[PDB]
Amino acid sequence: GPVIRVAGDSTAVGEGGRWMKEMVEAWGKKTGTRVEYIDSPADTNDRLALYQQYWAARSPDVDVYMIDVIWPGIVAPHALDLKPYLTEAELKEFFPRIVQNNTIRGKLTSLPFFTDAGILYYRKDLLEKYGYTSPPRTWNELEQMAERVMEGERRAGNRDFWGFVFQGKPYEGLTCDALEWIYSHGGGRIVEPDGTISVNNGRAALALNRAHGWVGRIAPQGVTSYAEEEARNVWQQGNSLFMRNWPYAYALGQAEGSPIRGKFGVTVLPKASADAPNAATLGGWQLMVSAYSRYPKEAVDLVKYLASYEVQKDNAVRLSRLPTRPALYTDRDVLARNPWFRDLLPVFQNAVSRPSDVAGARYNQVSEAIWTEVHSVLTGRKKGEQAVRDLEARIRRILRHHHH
């Protein structure tokens, strides 16, 4: 019979790749269908380049791909339209924003699988130890707390201790972090949904200068090479007061044998002042059936199983990854395990998107300009003023002649 082959998630980031393979194997066993799991690299932009090799070849060697929220405009030609396979009632069980994101020129490219939003992780033991009663609401508070706790922990002998870790590597995760910095300073969305390239402004420049100010000070010098897992590792060993990261790190930090089990909370990221908007970059992954799959019916059946209530529930409970089904946010077992899903649902609802809708198939080019210019501020090569001017110019070139 058919072998249904899946590329999605990575064994190099948390438990995602291991769990994904488990769920695919479970479907294969339940249905009596042979399956195979193809592993991927950690970083989204590396995965995109890998999967583009299969798509360029029209390869039948992968039936189902797990695709990033930022990808539908890029990957649509390589997707089977899922619209004919779902009833309107079934499609409405997912958040409409994510279904809309995944729909390109009326083609439903992929089913929502898990969503994502950037959040602040904080050591509540350490805040209490240093006399703080709440996590920081502003970036200045974060920096003050980080300076004071670091001074204390270093003096007490922990030479590995930092105030803040985040994703500063030159890759897609930095565009995510940087959108949060920019938007939380009142600097806008880099490219607005209407197409206006708005990033050349003083608030965006301040946000990037502020981030430069952390590097080698409250954050390690090596932060400029950190992706999700590098940040998580410093944090999880107990060596950072704060971390910006996605929901998956919560369950990993609560696992038996984690040094920080029971010692942390999560909240919204800080912002520049009380009237700035809260920033949490929208992330998340979708399930696409390949336009090149020899087994579309079987592949659709697998994608509907993976996106189902019970599989998303297992992802929430075991991996602290955010459902794309509103009903799971009221599920007693989801909430008992992850009470912060209720607390931060409005943050997840108001998450700010990267400019993938407006850039469409040119999004990865836009993003590479963003992360490269941002990275030049983090390293002290450019000031934020120059970087936003240069970024404006690059994005204008990239998007010249691109409409809608």
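Just count from 1 along the sequence shown to find any residue number.
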property	result
Given 110 to 118 and 290 to 298, the range whose Cα B-factors average higher in the PDB entry	290 to 298
Mean C-alpha B-factor comparison - 187 to 195 and 86 to 94, higher one	86 to 94
Of the residues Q221, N245, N102, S258, the one carrying the largest Cα B-factor as recorded	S258
Most elevated Cα B-factor in the entry, residues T281, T175, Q144, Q312	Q144
Assigned third (lowest, middle, highest) for the C-alpha B factor of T11	middle
Chain-wide C-alpha B factor ranking for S367, given as lowest, middle or highest third	lowest
Chain-wide C-alpha B factor ranking for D68, given as lowest, middle or highest third	lowest
Third of the chain's Cα B-factor distribution that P41 belongs to, per the entry	lowest
For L48, the third of its chain into which the C-alpha B factor falls	lowest
